[PDB]
>>> print(open('run.cif').read())   # mmCIF, C-alpha atoms
data_target
#
loop_
_atom_site.label_atom_id
_atom_site.label_comp_id
_atom_site.auth_asym_id
_atom_site.auth_seq_id
_atom_site.Cartn_x
_atom_site.Cartn_y
_atom_site.Cartn_z
CA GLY A 14 17.20 30.06 27.60
CA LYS A 15 19.81 31.91 25.59
CA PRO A 16 20.46 30.78 21.97
CA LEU A 17 23.43 28.42 21.63
CA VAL A 18 25.66 29.17 18.64
CA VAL A 19 28.04 26.34 17.83
CA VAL A 20 30.86 26.53 15.31
CA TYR A 21 32.70 23.36 14.31
CA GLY A 22 36.22 23.80 13.00
CA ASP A 23 39.98 23.54 13.42
CA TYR A 24 42.60 26.28 13.90
CA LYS A 25 44.45 24.81 10.92
CA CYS A 26 41.41 24.82 8.65
CA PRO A 27 41.80 27.63 6.04
CA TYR A 28 38.05 28.12 5.59
CA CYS A 29 37.57 28.23 9.36
CA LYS A 30 39.95 31.19 9.30
CA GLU A 31 37.69 32.92 6.77
CA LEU A 32 34.66 32.40 9.01
CA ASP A 33 36.48 33.95 11.96
CA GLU A 34 37.53 37.00 9.92
CA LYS A 35 34.12 37.52 8.28
CA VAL A 36 31.71 36.59 11.07
CA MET A 37 33.16 36.86 14.56
CA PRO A 38 33.79 40.62 14.69
CA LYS A 39 30.08 41.42 14.26
CA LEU A 40 28.79 38.31 16.01
CA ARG A 41 30.97 39.09 19.03
CA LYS A 42 29.95 42.75 19.25
CA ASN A 43 26.27 42.14 18.58
CA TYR A 44 25.49 38.85 20.33
CA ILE A 45 28.34 37.28 22.27
CA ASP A 46 29.98 40.04 24.33
CA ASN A 47 26.59 41.48 25.28
CA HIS A 48 25.60 38.01 26.48
CA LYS A 49 22.62 37.44 24.21
CA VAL A 50 23.87 34.07 22.99
CA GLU A 51 26.20 31.33 24.20
CA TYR A 52 29.10 30.65 21.85
CA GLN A 53 30.85 27.30 21.62
CA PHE A 54 33.71 26.38 19.32
CA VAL A 55 34.12 22.65 18.72
CA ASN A 56 37.58 21.78 17.41
CA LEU A 57 37.69 18.59 15.34
CA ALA A 58 41.51 18.69 15.54
CA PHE A 59 41.71 16.65 12.35
CA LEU A 60 44.39 18.47 10.36
CA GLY A 61 47.60 17.12 11.87
CA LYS A 62 48.84 16.00 15.27
CA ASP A 63 49.58 19.61 16.26
CA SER A 64 45.89 20.45 15.83
CA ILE A 65 44.99 18.83 19.15
CA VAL A 66 47.80 20.71 20.89
CA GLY A 67 46.37 24.00 19.67
CA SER A 68 42.94 22.84 20.84
CA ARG A 69 44.22 22.12 24.36
CA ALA A 70 45.84 25.57 24.59
CA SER A 71 42.61 27.13 23.33
CA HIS A 72 40.49 25.29 25.89
CA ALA A 73 42.91 26.28 28.66
CA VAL A 74 42.53 29.93 27.70
CA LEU A 75 38.75 29.55 27.63
CA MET A 76 38.57 28.04 31.11
CA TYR A 77 41.06 30.36 32.84
CA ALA A 78 40.66 33.62 30.93
CA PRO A 79 37.24 33.50 29.19
CA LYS A 80 37.21 37.26 28.63
CA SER A 81 40.35 36.83 26.50
CA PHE A 82 39.13 33.77 24.58
CA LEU A 83 37.75 35.52 21.49
CA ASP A 84 40.92 37.63 21.14
CA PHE A 85 42.95 34.44 21.47
CA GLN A 86 40.92 32.81 18.69
CA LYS A 87 41.18 35.80 16.36
CA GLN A 88 44.94 36.15 16.84
CA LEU A 89 45.57 32.41 16.48
CA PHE A 90 43.59 32.10 13.25
CA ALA A 91 45.48 35.15 12.00
CA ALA A 92 48.78 33.31 12.47
CA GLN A 93 47.62 30.27 10.49
CA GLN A 94 50.25 28.75 8.17
CA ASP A 95 50.25 25.88 5.68
CA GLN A 96 48.04 23.13 7.09
CA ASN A 97 50.66 20.58 6.08
CA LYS A 98 53.05 22.15 8.56
CA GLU A 99 52.72 21.27 12.24
CA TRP A 100 52.79 24.99 12.97
CA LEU A 101 50.82 24.76 16.24
CA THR A 102 53.92 24.28 18.38
CA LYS A 103 54.11 24.86 22.11
CA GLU A 104 56.55 27.67 21.33
CA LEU A 105 54.01 29.48 19.18
CA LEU A 106 51.09 28.72 21.49
CA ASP A 107 52.94 29.96 24.59
CA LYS A 108 53.80 33.11 22.69
CA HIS A 109 50.14 33.60 21.77
CA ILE A 110 49.08 33.03 25.37
CA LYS A 111 51.62 35.61 26.57
CA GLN A 112 50.26 38.03 23.95
CA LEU A 113 47.02 38.14 25.95
CA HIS A 114 48.97 40.05 28.61
CA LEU A 115 47.22 38.33 31.52
CA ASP A 116 48.59 38.42 35.05
CA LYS A 117 51.74 36.29 35.33
CA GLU A 118 50.23 33.49 37.40
CA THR A 119 47.12 33.11 35.21
CA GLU A 120 49.43 32.92 32.21
CA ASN A 121 51.55 30.19 33.85
CA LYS A 122 48.42 28.30 34.90
CA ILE A 123 47.14 28.19 31.32
CA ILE A 124 50.52 27.15 29.91
CA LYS A 125 50.96 24.32 32.40
CA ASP A 126 47.38 23.08 32.09
CA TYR A 127 47.37 22.50 28.33
CA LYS A 128 50.69 20.63 28.50
CA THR A 129 49.56 18.36 31.35
CA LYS A 130 48.16 14.98 30.35
CA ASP A 131 44.54 14.46 31.40
CA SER A 132 44.13 18.02 32.66
CA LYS A 133 40.77 19.72 32.16
CA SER A 134 41.89 21.39 28.92
CA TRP A 135 43.37 18.08 27.82
CA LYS A 136 40.04 16.33 28.41
CA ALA A 137 38.05 19.14 26.78
CA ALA A 138 40.14 18.92 23.60
CA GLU A 139 39.53 15.18 23.34
CA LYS A 140 35.82 15.65 24.06
CA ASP A 141 35.45 18.10 21.17
CA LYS A 142 36.30 15.28 18.77
CA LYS A 143 33.58 13.13 20.33
CA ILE A 144 31.02 15.94 20.13
CA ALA A 145 31.59 16.46 16.40
CA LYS A 146 31.43 12.72 15.76
CA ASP A 147 28.26 12.14 17.79
CA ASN A 148 26.64 15.17 16.13
CA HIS A 149 27.46 13.64 12.74
CA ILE A 150 29.38 16.70 11.50
CA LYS A 151 30.63 15.90 7.99
CA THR A 152 32.22 19.21 6.93
CA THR A 153 33.90 22.21 8.53
CA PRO A 154 33.36 24.95 9.09
CA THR A 155 29.66 24.57 9.93
CA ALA A 156 27.59 26.54 12.40
CA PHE A 157 24.34 25.87 14.22
CA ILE A 158 22.07 27.99 16.40
CA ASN A 159 19.95 25.86 18.73
CA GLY A 160 20.63 22.97 16.38
CA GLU A 161 19.47 24.78 13.24
CA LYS A 162 22.01 24.99 10.46
CA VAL A 163 23.25 28.45 9.55
CA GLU A 164 22.47 28.81 5.82
CA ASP A 165 25.76 30.59 5.06
CA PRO A 166 28.28 30.24 7.94
CA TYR A 167 30.52 32.86 6.32
CA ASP A 168 27.86 35.58 6.41
CA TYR A 169 27.03 37.42 9.63
CA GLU A 170 23.54 38.14 8.25
CA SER A 171 22.82 34.42 8.02
CA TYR A 172 23.31 34.14 11.79
CA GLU A 173 21.21 37.25 12.41
CA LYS A 174 18.38 35.76 10.31
CA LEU A 175 18.24 32.92 12.83
CA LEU A 176 18.69 35.06 15.93
CA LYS A 177 15.96 37.44 14.67
#
>>> encode(input="run.cif", output="structure tokens")
Amino acid sequence: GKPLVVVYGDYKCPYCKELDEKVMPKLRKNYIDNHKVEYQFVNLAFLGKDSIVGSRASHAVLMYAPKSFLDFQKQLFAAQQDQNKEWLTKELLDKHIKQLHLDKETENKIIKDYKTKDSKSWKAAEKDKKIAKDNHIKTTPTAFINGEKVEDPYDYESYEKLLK
């Protein structure tokens, strides 16, 4: 089927922010939004206890407002602060969710889901950590297309080379 592009990272990871800024605009326009590839972001949530909270919020947005997911990612990475600060607070995340300007009830659904223990977004965030571990991912950010390593994960062309 369709090529699977996987990016391993963390919203607090500085380099992961660079990948988003340098690669996603073109990757999104040329392969993701036109449905030529599947895109999956696996959050290791390893840079502080707030990392996992941001991951839950992110997964909630993905499951309830998928068409707003990439904007959510871009805007969240853009707000990145010092990784030694637990800057991924519920206050900031709720604000970012409300910035998506979704219908009121969808917005409330997302907000409640990521704050609810064992919810689907809660489970998805935990699972991401298992995926990275089982896939033996030793550095972030790293990207793969159908399991093949992207030579330079910071260069859109490196992804293209693999996608044809």
>>> residues_around(input="run.cif", residues="region 83-97 of chain A", least_positions_apart="5", cutoff="9 Å", atoms="only C-alpha atoms", output="VMD selection string")
chain A and resid 24 to 27 29 to 31 33 to 34 37 to 38 41 60 to 61 71 74 to 75 106 109 to 110 112 to 113
>>> closest_residue(input="run.cif", among="A:59, A:44, A:128, A:50", to="residue 151 (chain A)", atoms="only C-alpha atoms")
A:59
>>> axis_aligned_box(input="run.cif", around="region 87-100 of chain A", padding_each_side="6 Å", output="lines of an AutoDock Vina configuration file")
center_x = 47.1
center_y = 28.4
center_z = 11.3
size_x = 23.9
size_y = 27.6
size_z = 23.2
>>> residues_around(input="run.cif", residues="residue 48 (chain A)", least_positions_apart="2", cutoff="12 Å", atoms="all atoms listed in the file", output="tab-separated table (two decimals) with C-alpha atoms, in the coordinates of the input")
chain	number	residue	atom	x	y	z
A	14	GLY	CA	17.20	30.06	27.60
A	15	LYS	CA	19.81	31.91	25.59
A	16	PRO	CA	20.46	30.78	21.97
A	17	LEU	CA	23.43	28.42	21.63
A	18	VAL	CA	25.66	29.17	18.64
A	40	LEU	CA	28.79	38.31	16.01
A	41	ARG	CA	30.97	39.09	19.03
A	42	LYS	CA	29.95	42.75	19.25
A	43	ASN	CA	26.27	42.14	18.58
A	44	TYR	CA	25.49	38.85	20.33
A	45	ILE	CA	28.34	37.28	22.27
A	46	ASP	CA	29.98	40.04	24.33
A	50	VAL	CA	23.87	34.07	22.99
A	51	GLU	CA	26.20	31.33	24.20
A	52	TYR	CA	29.10	30.65	21.85
A	80	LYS	CA	37.21	37.26	28.63
>>> atom_distance(input="run.cif", atom1="CA of residue 159 (chain A)", atom2="CA of residue 139 (chain A)")
22.8 Å
>>> atom_distance(input="run.cif", atom1="CA of residue 19 (chain A)", atom2="CA of residue 157 (chain A)")
5.2 Å
>>> residues_around(input="run.cif", residues="residue 22 (chain A)", least_positions_apart="2", cutoff="8 Å", atoms="all atoms listed in the file", output="ChimeraX atom specification")
/A:20,24,26,29,54-58,153-155
>>> resolve_selection(input="run.cif", expression="the PyMOL selection byres ((chain A and resi 134) around 8)", output="JSON, numbers by chain")
{"A": [69, 70, 72, 73, 76, 126, 127, 131, 132, 133, 135, 136, 137, 138]}
>>> atom_distance(input="run.cif", atom1="CA of residue 166 (chain A)", atom2="CA of residue 28 (chain A)")
10.3 Å
>>> resolve_selection(input="run.cif", expression="the PyMOL selection byres ((chain A and resi 173) around 10)", output="list in words")
residues 39, 40, 43, 44, 163, 168, 169, 170, 171, 172, 174, 175, 176 and 177 of chain A
>>> write_last_selection(input="run.cif", atoms="C-alpha atoms", output="short mmCIF file (atom, residue, chain, number, x, y, z; two decimals), keeping the file's coordinate frame")
data_model
loop_
_atom_site.label_atom_id
_atom_site.label_comp_id
_atom_site.auth_asym_id
_atom_site.auth_seq_id
_atom_site.Cartn_x
_atom_site.Cartn_y
_atom_site.Cartn_z
CA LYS A 39 30.08 41.42 14.26
CA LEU A 40 28.79 38.31 16.01
CA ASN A 43 26.27 42.14 18.58
CA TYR A 44 25.49 38.85 20.33
CA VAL A 163 23.25 28.45 9.55
CA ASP A 168 27.86 35.58 6.41
CA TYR A 169 27.03 37.42 9.63
CA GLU A 170 23.54 38.14 8.25
CA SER A 171 22.82 34.42 8.02
CA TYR A 172 23.31 34.14 11.79
CA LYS A 174 18.38 35.76 10.31
CA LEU A 175 18.24 32.92 12.83
CA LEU A 176 18.69 35.06 15.93
CA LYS A 177 15.96 37.44 14.67
#
>>> closest_residue(input="run.cif", among="A:160, A:53, A:111, A:77", to="residue 141 (chain A)", atoms="all atoms listed in the file")
A:53
>>> closest_residue(input="run.cif", among="A:104, A:118, A:140, A:161", to="residue 68 (chain A)", atoms="only C-alpha atoms")
A:140
